[PDB]
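[1] Just the starting chains for now, same placement as in the complex:
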Amino acid sequence: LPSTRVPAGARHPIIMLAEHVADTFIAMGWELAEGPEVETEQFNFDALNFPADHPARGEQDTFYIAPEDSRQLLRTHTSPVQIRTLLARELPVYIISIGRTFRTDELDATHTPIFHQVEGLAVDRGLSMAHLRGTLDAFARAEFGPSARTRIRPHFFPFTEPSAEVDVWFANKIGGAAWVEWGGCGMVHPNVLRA
């Protein structure tokens, strides 16, 4: 006979994924950072080497806070949290930040305007792309199995130089292992370090 008179609930699967990601990086000595979702343009763009008149901003991708020219917005990624952490802490800094982020995409089967992002930042003496790849590979093993790894191939972001797009080798399934575009990475741009 059924015995469950207090039916079980569920934490959200995104939240649990974030939880698993956070535990993965904690277990490597990193720390979690958090910050506001309504953020200053200073931290969300200008400190990230991404000025007013650069090709693109929020004519097409950012929610802006009223009124026009208030330099407030809903953050479009969690980097401003990383930027706050760099101001507030002593170096070296090894930091994961996971949070709600906002883009002006219509909700369909493969896009959501309200989404959740994970970002990492390692700032130390002597860090290289080699270290970037090791972190990315550890992260992929945690979320995709011991057979997983990453490849990087050049791209462009204003806050990194070199910049690359990250593909993950998803072995465990997909109905037959294939590369899948995962996210993006790069070495922190010197203008971000000065700011």
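    Received, thanks. Numbering: from 1, shown residues only, chains lettered A, B, ... in the order given.
[2] is the spatially most central residue of chain A in a bridge, and if so with what?
    Centroid-nearest residue in chain A, with Cα atoms, centre = their mean: residue A:119, separated by 2.7 Å. Judged by DSSP bridges, the bridge partners of residue A:119 are residue A:97.
[3] My guess is it contacts residue A:75. True?
    No - taking Cβ atoms under 8 Å as the definition, residue A:119 is not a contact partner of residue A:75, at 11.0 Å. C-beta: built from backbone N, CA, C; applies to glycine.
[4] Between those two, which contacts overlap?
    Jointly contacting residue A:119 and residue A:75 under the rule Cβ atoms under 8 Å, 6 or more residues apart in numbering are residue A:81.
[5] Please report the distance of the nearest residue to residue A:123 once chain neighbours are set aside from residue A:136.
    Nearest residue to residue A:123 in three dimensions, chain neighbours excluded: residue A:93, at 4.6 Å (Cβ to Cβ, 6 or more residues apart in numbering). Going from residue A:93 to residue A:136 by Cβ to Cβ, to the nearest Å gives 18 Å.
[6] now do residue A:26
    When residue A:26 is compared with residue A:136 (using Cβ to Cβ), they lie 17 Å apart.
[7] out of those two, which sits in the more crowded spot?
    Taking neighbours as other Cβ atoms under 10 Å, residue A:26 and residue A:136 compare with residue A:136 leading, 21 against 12.
[8] show me the contacts for residue A:86.
    Counting by Cβ under 8 Å, 6+ apart, residue A:86 has contacts A:93, A:121, A:123.
[9] Output those residues as TSV; include the columns secondary structure, distance to residue A:172 and neighbour count.
    Shown next, in TSV, are the contacts of residue A:86 (DSSP: H, G, I helix; E, B strand; the rest coil; distance: Cβ to Cβ, whole Å; neighbours: other Cβ atoms under 10 Å):
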residue	secondary structure	distance to residue A:172	neighbour count
A:93	strand	32	17
A:121	strand	28	20
A:123	strand	33	17
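[10] Among these, which one sits closest to residue A:15?
    Distance to residue A:15 across the contacts of residue A:86 (Cβ to Cβ) is lowest for residue A:121, with 22.0 Å.
[11] add chain B to the structure above:
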Amino acid sequence: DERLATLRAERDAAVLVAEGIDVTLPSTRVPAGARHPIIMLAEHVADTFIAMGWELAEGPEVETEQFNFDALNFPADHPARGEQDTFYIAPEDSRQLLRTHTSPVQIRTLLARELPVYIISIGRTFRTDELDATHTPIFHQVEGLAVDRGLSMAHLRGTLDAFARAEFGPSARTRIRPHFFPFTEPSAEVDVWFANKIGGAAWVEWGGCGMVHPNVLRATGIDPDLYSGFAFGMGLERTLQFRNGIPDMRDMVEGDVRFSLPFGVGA
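    Let me put chain B in with the others:
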């Protein structure tokens, strides 16, 4: 009909007061439980070391004499064994026993894994002490082992100090002063500076540490000229007793729900 709506509302607002409730009544029909406070302390200790890149190891509580004594540089005829402190498995001269500390788990981990090894092990352990307010025959221990190239007492102290900050506050640190254990050389006893309380900060004897003895490194196939190791151990019931001010360890082990409930669920 300004006054029609007025009183047609006033009677509608009193229908709402008519159906009021005492919002202070008890609501908890599924009373909360509690994970055990030792278990939660172990959990907090384990999380502290995980967050530093270390890993947890586990092993059996009935263990071979090989791993619990002989690999730990602690032979048959050394001054002491289990004439006086170890539970032995029958029959006499079967080389089985209840483990007296979790080091054999560390020993198994060194056989089974590649170096470097950074390892916490937390488990039930057994000593022939009568149960009184400050001793329990069934207790829970935490031990650490770092084996790498170039490790020193300096690293031992840094780990011990991080551990103390985690369990005792940012004002805490440790001191070490020489002692002796068969599996370490140098050996030391660890005191923790318990600032946050005790009714006025004082040093409290926490546990013991040392550099892993070379005979232990050989008995696990490690070349003591390339690798060095440190290790430490603290008793959880001991730590809980003096941190929380718990005068009677019988309350830790007897299973009275009144002892656990005030510690919360542990979720």
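[12] how close does the residue nearest to the centre of chain A get to chain B?
    19 Å (Cβ to the nearest Cβ, to the nearest Å).
[13] Residue A:83 too?
    24 Å.
[14] Would you mind listing what in chain A touches chain B?
    A:6, A:26-29 (Cβ under 8 Å from any Cβ of the partner chain).
[15] ok, and the closest non-adjacent residue to the closest residue to chain B within chain A?
    For chain A and chain B, the shortest gap (Cβ to the nearest Cβ) falls at residue A:29, measuring 4.8 Å. Leaving aside its sequence neighbours, residue A:29 sits nearest to residue B:53 (Cβ to Cβ, 6 or more residues apart in numbering or on different chains; 4.8 Å).
[16] Check the burial of residue A:49 by counting its neighbours.
    20 (other Cβ atoms under 10 Å in any protein chain shown).
[17] right, and the residue of chain A closest to chain B touches residue A:94 too?
    Yes - counting by Cβ under 8 Å, residue A:29 does reach residue A:94; the two are 6.4 Å apart.
[18] With neighbour numbers in mind, choose between these two.
    residue A:94 (17 against 12).
[19] Report the secondary structure element holding that one.
    strand A:93-102 (DSSP states H and E).
[20] Which residues does that strand contact?
    Outside of strand A:93-102, the residues within contact range by Cβ atoms under 8 Å, 6 or more residues apart in numbering or on different chains are A:18, A:21-22, A:25-26, A:29-35, A:37, A:62-63, A:74-78, A:81-82, A:85-86, A:113-124.
[21] from these, which ones fall inside helices?
    Using DSSP state H, the subset of the contacts of strand A:93-102 located in helices is A:18, A:21-22, A:25-26, A:81-82, A:85-86.
[22] Can you flag the buried ones in those?
    Among the ones in helices among the contacts of strand A:93-102, those scoring as buried are A:18, A:21-22, A:25-26, A:81-82, A:85-86 (criterion: 16 or more other Cβ atoms under 10 Å in any protein chain shown).
[23] taking those as a set, which two sit the farthest apart in space?
    A:18 and A:86, at 21.7 Å, using Cβ to Cβ across these.
[24] Chain C follows; place it on the structure:
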Amino acid sequence: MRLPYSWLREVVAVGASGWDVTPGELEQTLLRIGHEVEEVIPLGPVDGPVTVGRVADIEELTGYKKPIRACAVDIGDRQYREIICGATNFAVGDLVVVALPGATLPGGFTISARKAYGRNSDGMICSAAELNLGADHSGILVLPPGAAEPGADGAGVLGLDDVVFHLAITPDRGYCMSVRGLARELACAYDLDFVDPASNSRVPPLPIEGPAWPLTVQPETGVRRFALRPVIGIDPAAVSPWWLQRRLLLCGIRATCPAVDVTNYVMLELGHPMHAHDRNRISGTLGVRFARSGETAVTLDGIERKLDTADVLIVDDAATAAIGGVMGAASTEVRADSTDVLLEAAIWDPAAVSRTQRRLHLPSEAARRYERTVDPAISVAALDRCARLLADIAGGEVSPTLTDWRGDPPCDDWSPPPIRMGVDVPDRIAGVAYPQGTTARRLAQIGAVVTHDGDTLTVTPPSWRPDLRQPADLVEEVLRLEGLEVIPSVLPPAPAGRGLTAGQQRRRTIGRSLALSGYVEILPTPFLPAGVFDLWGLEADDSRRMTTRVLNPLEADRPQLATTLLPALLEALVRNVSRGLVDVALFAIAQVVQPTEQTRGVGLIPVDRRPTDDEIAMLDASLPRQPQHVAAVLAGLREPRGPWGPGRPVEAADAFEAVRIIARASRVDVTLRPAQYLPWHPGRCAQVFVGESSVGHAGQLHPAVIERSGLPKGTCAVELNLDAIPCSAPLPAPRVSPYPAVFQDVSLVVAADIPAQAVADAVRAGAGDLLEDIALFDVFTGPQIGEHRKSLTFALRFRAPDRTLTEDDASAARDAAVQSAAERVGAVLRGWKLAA
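    Following on from the chains above, chain C is added here:
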């Protein structure tokens, strides 16, 4: 940016003759060095009779919906076939492309002699799409006269063995949006000699013998170079040769007339956009100036643009010639009768073009190249290349006059500043030991001037590379050309971390605890529903209405950010209920947005330094308060129906219990106090206190709010402010007495209005340390005790720390407890008992 492999191969082949690679290898090489390949399109294959035809006769078929044509087509060797076609963009005498019976078109279509519209059709006349030659447009393909004789092989005339590469160029590589730039990139990748198609050996300079038109330039417009040259007496009826119309079609441009086609061709070839003015339609001096407030221009497409005082125009005495860098205007547009052409080779300000085109929604081929900076060094070369080609095609002369405004004072040297970088810096950043002389060889290939001074190179990038401007920029060039795959995977040592914070650990515990108790977490949306606070009946000055507002929301009536998580929670509840899931408990842990003053933005702080503590404090203070909330909603059955019984509907007590779950999870003690607070019910609403600080509310929703909102009858809700719940890290040391307890039950009569917890507190206060536990059993009302009184029966468990309690010792403790309830809440003892 689309371009075809043959053209790209031809340009690369000048300096490395015989070069050739498969599409696959080309795709891979392009990705490996940084260029996203969106699609590889080989030109759809044809088999059999697909040949050039000439339309020898047209007969308009009448009596059908659309205009239909029976055509006699000369298909070669004096054979004439009758063919039905529905297009209209061709006349008698036109070369077309016919697929004849037995032919197979891309997509696996076999052509067969059908009967259609009352006549026999021996095949069809093809569109560029039906042949997978180029974009589908209205009408069939028409080849320019003299491209091929009727009967020529379609596949060879059309060049269908070609492949088009569709790329997504990154905004830092504007130089790559042309055959010039991509060809250079391939010569770098493949270690080839490169002959620059914009250089003088490949574009010999035309003569320079006086100005080509009067020109005034307001230099604060950001124009960097502005060149004009004329071509006079061109045939207004000439068409572009097939090879040129083809290359434009494979690149996504529809050819129109040689004046336009030649500027689009040189744009694709060299990356410098061009424009052709009908010179006879210019009136007087050409002026480059900002626009005035309210000004208008009508562009080539005949659409009136509202201008902006930051837009740079080209005007003459009469009207506007161009929205500079974006699009030419109608007034100087080349048109059917244009015989004398003035060719514009300008270099505009990137930020200026960017602002103007985004504002007007004109992301033209020109604008997109100017946004990303066009090579100023090649303006005249692109001008001369363009003039020669126009004259050659449509037959005029190139006048030897030339304007070439190059700044004030004239800039003669377009090279960026030199960059100093250590020779091994790319080796460090990549974590690879590159062969010696690698960084300097690769920087040479990309056209920079490299000089060695011990361990420190000086690198002067080329003019088409305005992106190369710090040592980091140069590292990316080395690393991408060597390949990123050679970089090893090396875990860094990260230091001893401190793990998760208290607040982070608390939000996990709150979620595990609510989820076990049966709540389902949702991701709330921060955009409030339209008019939700009017539905709640909130007052006008209720703090929850002071919302921060988004300025470009995806729904125009939902622009307010949430000051409360209940709107989103109630929205997910409504969705579950409307899908038949009627017994639901949902929760959310998320931040709200509560602004304090008006939207005060802080001005830009220089990013060449870090902001000062004061500047950070000022930025923080300018943002709204954004505390973390936890909230939940419940409707339907709390306990489901089953063998045990019918189940239990949600009541306000279940929301109170949700407070107690959150509080147990937070290891703090709460008190609940009666309160009136929309959207809750006034007699079933509790305000929650930790100590004396309000942390939120819980209870049943107001039935009027439920009704106006379409909510389930009886919906309950809870919202707490997590920032107001202080941290606690208790270190308990419970006294656990083993001596026997004494159980007594006491019933107290009190005023109906007195809260039960008040009576319990009073009983506990007077009973002292002997009272181990108190618990409310019964709440009884009835006439015999008072119409406004109520009887509360409490179960008391007493226990001594050092001894067995005598029963008189317990009754003394009870008497003290009863006296305390008398003194504090006016309680009257009704009876007691020795709980058996």
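[25] ok chain C is loaded, check the nearest residue to residue A:29 again?
    Nearest in space to residue A:29, with sequence neighbours left out and distances taken as Cβ to Cβ, 6+ apart, is residue C:494 at 3.4 Å.
[26] Could you report the neighbour count for that neighbour?
    19.
[27] what does residue C:192 give?
    17.
[28] Phi first, then psi, for the closest residue to chain A within chain C.
    Residue nearest to chain A within chain C: residue C:431 (2.9 Å; Cβ to the nearest Cβ). When read as degrees, to the nearest 10, the backbone of residue C:431 gives phi 70, psi 30.
[29] now swap in residue C:27 and tell me
    phi -50, psi -50.
[30] Which strand residues bridge the closest residue to it other than its chain neighbours?
    Using Cβ to Cβ, 6+ apart and skipping the chain neighbours, the partner closest in space to residue C:27 is residue C:37 (5.0 Å). Beta-bridge partners for residue C:37, by DSSP bridges, are residue C:167.
[31] Residue C:459 now?
    Those that pair with residue C:459 in a beta bridge, by DSSP bridges, are residue C:419, residue C:450.
[32] My guess is it contacts residue C:446. True?
    No - at 9.8 Å, residue C:459 does not count as touching residue C:446 under the criterion of Cβ under 8 Å.
[33] Spatially central residue for chain C, please.
    residue C:554 (12.8 Å).
[34] OK, contacts around that one?
    Counted by Cβ under 8 Å, 6+ apart, residue C:554 has contacts A:104, A:106, A:113, C:527.
[35] Also residue C:721?
    C:627-629, C:695-696.
[36] would you turn those into a markdown table with distance to chain A and neighbour count?
    Converted to a markdown table, the contacts of residue C:721 look like this (distance: Cβ to the nearest Cβ, whole Å; neighbours: other Cβ atoms under 10 Å in any protein chain shown):
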| residue | distance to chain A | neighbour count |
| --- | --- | --- |
| C:627 | 10 | 13 |
| C:628 | 9 | 18 |
| C:629 | 13 | 24 |
| C:695 | 20 | 25 |
| C:696 | 20 | 24 |
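[37] okay, now the residue of chain A found nearest chain C: neighbour count?
    With Cβ to the nearest Cβ as the measure, residue A:130 is the residue of chain A nearest to chain C, at 2.9 Å. When counting by other Cβ under 10 Å, one arrives at 18 neighbours for residue A:130.
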